[PDB]
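What follows is a short report on a single structure.
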Amino acid sequence: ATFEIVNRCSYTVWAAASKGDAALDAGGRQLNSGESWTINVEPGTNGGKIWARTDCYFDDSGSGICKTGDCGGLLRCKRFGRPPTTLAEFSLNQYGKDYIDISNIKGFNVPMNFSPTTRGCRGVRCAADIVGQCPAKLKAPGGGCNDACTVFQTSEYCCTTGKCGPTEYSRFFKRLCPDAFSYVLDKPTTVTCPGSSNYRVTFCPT
């Protein structure tokens with residue numbers, strides 16, 4: 001499957017793509033403002049994620065740091081990124097269908113649209129100014145808006161027991177972005193697409 005990753009932000013981002021235990025395609029790349037990078041993701045990929053990283057520095061070997069979304073200091077991510085990270089999430093070719101969503105469960109750094117480029121389903125978007133409106137206690141000094149689990153490490157925010165409800169913090173993410181997951185047990189906003197659809201992830205779509 002192809003994913004065109006497009007940076008419409010006015011700032012550079014370092015895109016990342018991983019399924020947690022491996023890179024997808026090259027795993028990461030710099031995207032200056034306006035650039036597009038198209039990756040290939042193997043059919044059947046389960047639990048894939050794409051995200052933006054901000055304020056990165058990498059040496060000639062591809063090792064360094066980012067302020068949001070850092071994946072073990074690598075340009076080419078093999079693992080998931082450090083919160084806060086707005087997440088484009090997908091599982092492909094799952095009994096004949098693809099499943100896509102956006103999640104704020106690991107916080108928010110960059111606004112995102114995640115849409116199919118082929119027929120048969122809609123896209124999802126979280127493009128509100130979550131960083132600017134972020135509750136004081138969730139603001140990440142390194143940049144972005146943390147989720148409450150990251151900040152407070154409670155069973156209720158992290159849904160550790162698989163019993164948790166919405167919270168004042170989850171409701172903030174949900175109010176700003178109704179079409180993204182705001183906590184682990186949120187009413188799903190997952191979209192079913194035809195198996196083997198192709199996609200575009202756009203940072204700063206509006």
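Just remember, in the structure tokens the first chain shown is A, the second B, etc., residues are 1-based per chain, and ligands are 1-based in the order shown.
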
May I have all residues of region 54-140 of chain A that DSSP, computed from the backbone, assigns to strand (DSSP E or B), given as a ChimeraX atom specification?
/A:54,57-58,63-65,68,74,87-94,97-103,108,112-116,124-126,139

Quick one: residues within 7 Å of region 28-41 of chain A, only C-alpha atoms counted, chain neighbours fewer than 6 positions away excluded, as a ChimeraX atom specification?
/A:1-17,75-77

Selected residue of minimal separation from residue 115 (chain A) among A:181, A:152, A:99, A:80, counting only C-alpha atoms
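Nearest to residue 115 (chain A): A:99.
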
Rounded to one decimal in Å, what is the spacing between CA of residue 146 (chain A) and CA of residue 98 (chain A)?
28.3 Å

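Using only C-alpha atoms, the protein and nucleic acid residues lying no more than 8 Å from residue 189 (chain A), apart from those fewer than 4 places from it along its own chain, are residues 101, 102, 179, 180 and 181 of chain A.
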
Write the residues you've just listed into a file as a CSV table (one decimal), in the first residue's frame, and include N, CA, C and O atoms for each of them.
```csv
chain,number,residue,atom,x,y,z
A,101,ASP,N,-7.6,5.3,11.7
A,101,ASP,CA,-8.1,6.2,12.7
A,101,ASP,C,-7.0,7.3,13.0
A,101,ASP,O,-5.8,7.1,12.6
A,102,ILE,N,-7.4,8.4,13.7
A,102,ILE,CA,-6.4,9.2,14.3
A,102,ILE,C,-6.6,9.1,15.8
A,102,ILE,O,-7.7,9.0,16.3
A,179,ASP,N,-13.3,13.6,16.0
A,179,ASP,CA,-13.0,12.4,15.2
A,179,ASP,C,-11.7,11.7,15.4
A,179,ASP,O,-11.3,10.9,14.6
A,180,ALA,N,-11.1,11.9,16.6
A,180,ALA,CA,-9.9,11.2,17.0
A,180,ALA,C,-10.2,10.5,18.4
A,180,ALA,O,-10.9,11.1,19.2
A,181,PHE,N,-9.5,9.4,18.6
A,181,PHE,CA,-9.6,8.8,20.0
A,181,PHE,C,-9.0,9.7,21.0
A,181,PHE,O,-7.9,10.2,20.9
```

Restricting the calculation to only C-alpha atoms, which member of A:22, A:192, A:107, A:61 is positioned closest to residue 42 (chain A)?
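Closest to residue 42 (chain A), using only C-alpha atoms: A:22.
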
Compile the contact shell of residue 147 (chain A) as a PyMOL selection string: residues with an atom at most 7 Å away, counting only C-alpha atoms, same-chain residues fewer than 3 positions apart removed.
chain A and resi 105-107+138+150-151

Can I get the selection written as a compact mmCIF listing (two decimals), in the first residue's frame, with N, CA and C atoms?
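Result went into selection.txt, see below:
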```txt
# COMPACT_ATOMS: atom_id res chain seq x y z
N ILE A 105 -4.45 9.63 22.05
CA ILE A 105 -4.19 8.91 23.32
C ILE A 105 -2.75 9.12 23.80
N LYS A 106 -1.83 9.39 22.87
CA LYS A 106 -0.44 9.68 23.19
C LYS A 106 -0.15 11.16 22.97
N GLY A 107 -1.18 12.00 23.15
CA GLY A 107 -1.03 13.43 23.05
C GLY A 107 -1.08 13.92 21.61
N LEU A 138 -1.25 19.92 31.04
CA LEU A 138 -0.87 18.99 29.97
C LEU A 138 0.22 19.55 29.04
N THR A 150 0.45 10.04 30.12
CA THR A 150 1.84 10.47 30.15
C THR A 150 2.15 11.35 31.35
N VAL A 151 1.29 12.31 31.64
CA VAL A 151 1.59 13.27 32.71
C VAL A 151 1.43 12.66 34.10
```

Of the residues A:145, A:103, A:183, A:23, which is the one nearest to residue 90 (chain A), using only C-alpha atoms?
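Going through A:145, A:103, A:183, A:23 one by one, the smallest distance to residue 90 (chain A) is for A:103.
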
Taking the backbone alone, and naming residues the way the document does, which bits of chain A are helix (DSSP H, G or I) by DSSP, as a compact mmCIF listing (two decimals) with N, CA and C atoms, in the first residue's frame?
```
# COMPACT_ATOMS: atom_id res chain seq x y z
N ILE A 130 -4.85 22.29 19.10
CA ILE A 130 -4.76 21.64 20.40
C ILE A 130 -3.56 22.16 21.19
N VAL A 131 -2.42 22.42 20.54
CA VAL A 131 -1.28 22.93 21.31
C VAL A 131 -1.60 24.31 21.90
N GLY A 132 -2.19 25.20 21.10
CA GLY A 132 -2.47 26.54 21.61
C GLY A 132 -3.51 26.52 22.71
N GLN A 133 -4.48 25.60 22.65
CA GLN A 133 -5.55 25.55 23.64
C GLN A 133 -5.28 24.59 24.81
N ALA A 136 -3.14 23.91 30.96
CA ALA A 136 -1.83 24.17 31.55
C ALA A 136 -1.10 22.92 32.01
N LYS A 137 -1.81 22.02 32.69
CA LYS A 137 -1.16 20.86 33.30
C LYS A 137 -0.70 19.83 32.26
N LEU A 138 -1.25 19.92 31.04
CA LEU A 138 -0.87 18.99 29.97
C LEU A 138 0.22 19.55 29.04
N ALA A 148 -3.07 12.75 29.39
CA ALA A 148 -3.05 12.67 30.85
C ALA A 148 -2.35 11.44 31.39
N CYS A 149 -2.33 10.34 30.63
CA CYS A 149 -1.62 9.15 31.07
C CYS A 149 -0.12 9.46 31.18
N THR A 150 0.45 10.04 30.12
CA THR A 150 1.84 10.47 30.15
C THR A 150 2.15 11.35 31.35
N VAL A 151 1.29 12.31 31.64
CA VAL A 151 1.59 13.27 32.71
C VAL A 151 1.43 12.66 34.10
N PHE A 152 0.34 11.92 34.34
CA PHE A 152 -0.03 11.54 35.71
C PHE A 152 0.10 10.06 36.04
N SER A 155 -4.08 4.63 36.79
CA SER A 155 -4.86 3.57 36.18
C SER A 155 -6.01 4.18 35.38
N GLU A 156 -6.60 5.26 35.90
CA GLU A 156 -7.77 5.84 35.24
C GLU A 156 -7.39 6.47 33.89
N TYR A 157 -6.28 7.20 33.82
CA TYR A 157 -5.91 7.84 32.56
C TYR A 157 -5.30 6.86 31.58
N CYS A 158 -4.59 5.86 32.10
CA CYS A 158 -3.87 4.91 31.25
C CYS A 158 -4.73 3.70 30.89
N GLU A 168 -11.77 14.85 32.54
CA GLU A 168 -11.70 16.23 32.12
C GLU A 168 -10.65 16.41 31.02
N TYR A 169 -9.52 15.73 31.15
CA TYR A 169 -8.47 15.84 30.14
C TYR A 169 -8.88 15.19 28.82
N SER A 170 -9.44 13.98 28.85
CA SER A 170 -9.82 13.34 27.57
C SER A 170 -10.88 14.18 26.87
N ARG A 171 -11.80 14.78 27.65
CA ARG A 171 -12.86 15.58 27.06
C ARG A 171 -12.32 16.82 26.35
N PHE A 172 -11.19 17.36 26.81
CA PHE A 172 -10.55 18.47 26.10
C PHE A 172 -10.13 18.01 24.68
N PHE A 173 -9.41 16.89 24.57
CA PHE A 173 -9.01 16.41 23.25
C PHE A 173 -10.26 16.12 22.40
N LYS A 174 -11.30 15.55 23.02
CA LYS A 174 -12.48 15.15 22.25
C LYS A 174 -13.27 16.37 21.77
N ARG A 175 -13.30 17.43 22.58
CA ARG A 175 -14.00 18.65 22.19
C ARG A 175 -13.30 19.29 20.99
N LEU A 176 -11.97 19.34 21.04
CA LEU A 176 -11.23 19.96 19.94
C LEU A 176 -11.22 19.08 18.71
```

Close residues, residue 109 (chain A) itself excluded, 6 Å, only C-alpha atoms, min 2 positions apart in chain, as a list in words:
residues 84, 85, 86 and 144 of chain A

Residue with smallest distance to residue 162 (chain A) - pool A:92, A:206, A:139, A:186, counting only C-alpha atoms:
A:186

Residues at most 7 Å from residue 116 (chain A), counting only C-alpha atoms, excluding those fewer than 4 positions away in the same chain, as a count of residues only?
6

Rounded to one decimal, what separation in Å do you get between CA of residue 69 (chain A) and CA of residue 142 (chain A)?
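Calculated distance between CA of residue 69 (chain A) and CA of residue 142 (chain A) is 10.7 Å.
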
Can you pull out every residue within 8 Å of residue 21 (chain A), counting only C-alpha atoms, but drop anything in the same chain fewer than 3 positions away, and send it as a ChimeraX atom specification?
/A:18,78-79
